[PDB]
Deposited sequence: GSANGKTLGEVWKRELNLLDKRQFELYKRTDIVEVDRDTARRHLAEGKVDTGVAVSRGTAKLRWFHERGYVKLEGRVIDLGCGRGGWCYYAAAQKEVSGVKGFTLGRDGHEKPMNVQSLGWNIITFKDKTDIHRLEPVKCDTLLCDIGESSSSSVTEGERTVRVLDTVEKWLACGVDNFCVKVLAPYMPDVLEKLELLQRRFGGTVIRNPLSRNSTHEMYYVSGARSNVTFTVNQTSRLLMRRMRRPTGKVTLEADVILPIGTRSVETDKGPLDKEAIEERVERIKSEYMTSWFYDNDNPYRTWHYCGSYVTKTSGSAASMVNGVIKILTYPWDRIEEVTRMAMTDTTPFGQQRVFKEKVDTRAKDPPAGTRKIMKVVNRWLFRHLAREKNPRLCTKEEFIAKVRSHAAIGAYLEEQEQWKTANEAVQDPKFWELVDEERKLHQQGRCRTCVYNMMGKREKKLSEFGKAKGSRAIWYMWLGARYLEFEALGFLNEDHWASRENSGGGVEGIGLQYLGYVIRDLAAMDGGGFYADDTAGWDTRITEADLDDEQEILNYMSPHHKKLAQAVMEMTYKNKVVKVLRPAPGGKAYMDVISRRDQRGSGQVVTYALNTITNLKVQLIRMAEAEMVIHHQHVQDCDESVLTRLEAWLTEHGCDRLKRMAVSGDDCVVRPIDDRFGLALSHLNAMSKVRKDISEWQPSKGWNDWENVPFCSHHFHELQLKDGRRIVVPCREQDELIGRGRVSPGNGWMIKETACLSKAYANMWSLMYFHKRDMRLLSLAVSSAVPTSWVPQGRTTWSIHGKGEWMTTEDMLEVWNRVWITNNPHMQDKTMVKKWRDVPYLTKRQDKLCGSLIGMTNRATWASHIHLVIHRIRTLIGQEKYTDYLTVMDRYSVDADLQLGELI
């Protein structure tokens, strides 16, 4: 009935070619081929616009139709082009982008365009339910082209109705996609918006003639019906004259880099870090400068210098594992597994999301509770043991395989040089004088295997290193916590220090033997970023149990290194180099250290202790902001009465915890947990915690555990996890373009680990024997299979896997009384077919059957690719391969 509807009918009538000639008739078009090539090849530092629509917005921007100012909100950001264009503008202070980005639609894109650090994307979000927030620039580009004008009208009035809520909040500028402005209802709603907010609809000359879309912008007014019918007129006159000749305009190229932001910096003890920052500043005088575009909001930024870039965003595929695991080529849970982006870019955006947060200081009463529970906990941990200095000889012996770490080229080469220990003696003297000059953190990226985000690699968590001397000073001052097993289960009740993955399940099962409610195993969202200054001062209680000579050194580490940190982080820089930024705060720690694990276990013991005190109504919510000596003495007596029992109801490894409380009130004790910033991951701040019914389903150290019965009726507790995680992690190789010899040794290492810990999963045992049947027998397993401290590496030997199996499970297992060894592989049991299927096995499917029949042809393929060597057919140790 309307002229636009006539355009819709006449448009549907056109065939393919006439559609193609009317699509580009007299429109303005940017050439996207170069940018599309850049984004196909994975280049994210070129600055090209990530979508056509960007240019659209640019038009509206540079002729006054919309101003981009202040806080920008983008409803339906898609790839994110409008967010990037807005973020590259000086007049913009922040950008929040939301999009569905699921089920076919385009997912957000992470690129280095200018202002990338002031954008916050959130996919899998329905904008129609998102409560409007106050902003200064409201953008919306939502609307799907349909063939029925009724569909366009209903979707359009839905969009405008939702946008009306966001406009009610009082926005200065806006640009809202009106998909079908020719429909009468859309005209009425638009007219009401014109009376209530101003603005008008504007046809964008970059819009293809295949859509009738116009844009409600705030920088002009006109008669809605008149200009809409004029745009319909133009679209019809263009349909009648189908020339397809396009007007030309240049595509969008934006600059790269970060932008400054409003800061929320806390106190900084400049005098404490002055010597270190001046040493770094002097060693790199040729590059030193203060970058006024640093993205740090909560970290104090001190300066930057220039080095070479490092890390990779690529994920290398282990060839033999990927070929043997072909039936999983279509599973997303395995294919989405990849290496972590260790480039300064992904490093820096992980720093943005997770590390650059602002911490809440625990309120006064919660702090007092922390002091009481902490002091009690340290009084109980130091009942038997005595703190002690660790020796140079212990350190040199530990250099066989250590962690958290230019005159020398190897650690062993440095600890053999007396000049190194001269430097150590000098920095130790400095620490004794209350000065520190070289103990600096280098925050480099950790090559981990994570699930890809969007379809590209997820950023890399950072592990903090120090030079060899600083780690020796830390080890001398506080290494006794590790070397004397302070976090042991015998010394702490809740600790699990020393117990490997093998025997960890016996702890959970033991907790299941107790009385009480369900199991709780809550993950903390970024534990290291939530360790407060209060947690650090609480951990400094060890100083009160030391000799003066020891307390001075340890105090120097704790105060000058853990609190007054100096951290060096990589950030992308022009050209092929990178900026090294020197930043500092007081309220975080790094996971790389080996003393980190002990103090995280102790502090988590304190945390779960407090939460259990709230769950038993010793303390509760009113006691958050403050606390009387009455309830404080109550808590004291409660620790006296039940402290050691509650500790024994815990399995704590660093930030991982498993608590078996008296009752399920534990799931609702959240006041102090949230007050201490130990916020639970993947849950609402005040939503009750997920309980657990069957202990065999409780997660701990990335695993769950099952009870298995051997052929001879005996029982063992085995670890298990989703098979998709094991295969996806086994399918990825760290190094670049490696030799088939390296990745074959890595594959043999994975096969040995699967044989040792995950033998009871049928695809995993068949996979192990297949791998060790395609890899030369005389080759030695190398590489890293796990990052867990509970992975003792027993599978990394050239031994027969059956004998290390009988060793760890029968010979060296304290829970196995009868030490009778198992003779053949076929006598080693499997999980129940139900439990195996429930934990990711592909048994039953005909693709795994065909896989198991044709696995030998693939084995021969891999042997051929590796070349001429001595192989062995291990598969004969299975029933159906004799």
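- Residues of the deposited sequence that lack C-alpha coordinates fall in the stretches 1-5, 411-417, 895-905.
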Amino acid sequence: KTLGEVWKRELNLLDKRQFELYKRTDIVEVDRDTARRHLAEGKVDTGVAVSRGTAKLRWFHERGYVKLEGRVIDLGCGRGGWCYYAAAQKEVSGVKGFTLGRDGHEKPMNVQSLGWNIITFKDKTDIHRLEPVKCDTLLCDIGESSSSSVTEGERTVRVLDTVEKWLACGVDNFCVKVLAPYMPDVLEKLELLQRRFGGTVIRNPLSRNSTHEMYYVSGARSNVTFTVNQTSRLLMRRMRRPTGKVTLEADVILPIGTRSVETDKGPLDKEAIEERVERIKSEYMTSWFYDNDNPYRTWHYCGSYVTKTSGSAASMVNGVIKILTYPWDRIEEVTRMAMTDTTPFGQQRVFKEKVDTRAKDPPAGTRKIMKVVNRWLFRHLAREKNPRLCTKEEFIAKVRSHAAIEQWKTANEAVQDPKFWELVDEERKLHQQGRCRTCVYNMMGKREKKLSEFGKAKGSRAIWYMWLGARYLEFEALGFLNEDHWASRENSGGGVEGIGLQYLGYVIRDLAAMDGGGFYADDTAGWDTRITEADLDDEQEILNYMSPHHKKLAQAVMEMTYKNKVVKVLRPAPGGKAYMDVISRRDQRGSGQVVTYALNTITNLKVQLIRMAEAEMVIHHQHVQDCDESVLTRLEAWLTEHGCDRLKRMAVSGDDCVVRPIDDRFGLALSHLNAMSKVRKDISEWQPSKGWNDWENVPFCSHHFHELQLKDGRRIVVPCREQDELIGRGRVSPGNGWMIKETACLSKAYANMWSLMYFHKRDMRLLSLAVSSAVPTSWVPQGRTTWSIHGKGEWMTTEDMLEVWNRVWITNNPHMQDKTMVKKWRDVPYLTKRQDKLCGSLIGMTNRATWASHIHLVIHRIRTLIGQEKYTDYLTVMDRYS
From here on, numbers count along this sequence of modelled residues.
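- Stretch comparison (505-513 versus 733-741) by mean CA B-factor in the PDB entry places 733-741 on top.
- Set 692-700 against 182-190 and average the Cα temperature factors; 182-190 ends up higher.
- Highest C-alpha temperature factor among 295, 244, 498, 327 per the entry: 244.
- The residue among 441, 376, 754, 174 whose C-alpha carries the highest B-factor in the deposited model is 174.
- Sort the chain's modelled residues by C-alpha temperature factor and residue 809 lands in the middle third, per the entry.
- In this PDB entry, residue 395 carries a Cα temperature factor that places it within the middle third of its chain's modelled residues.
- Sort the modelled residues of the chain by CA B factor and residue 548 lands in the lowest third.
- When the modelled residues of the chain are ordered by C-alpha B-factor, residue 167 sits in the highest third.
- The entry lists a Cα temperature factor for residue 433 that places it in the lowest third of the chain's modelled residues.
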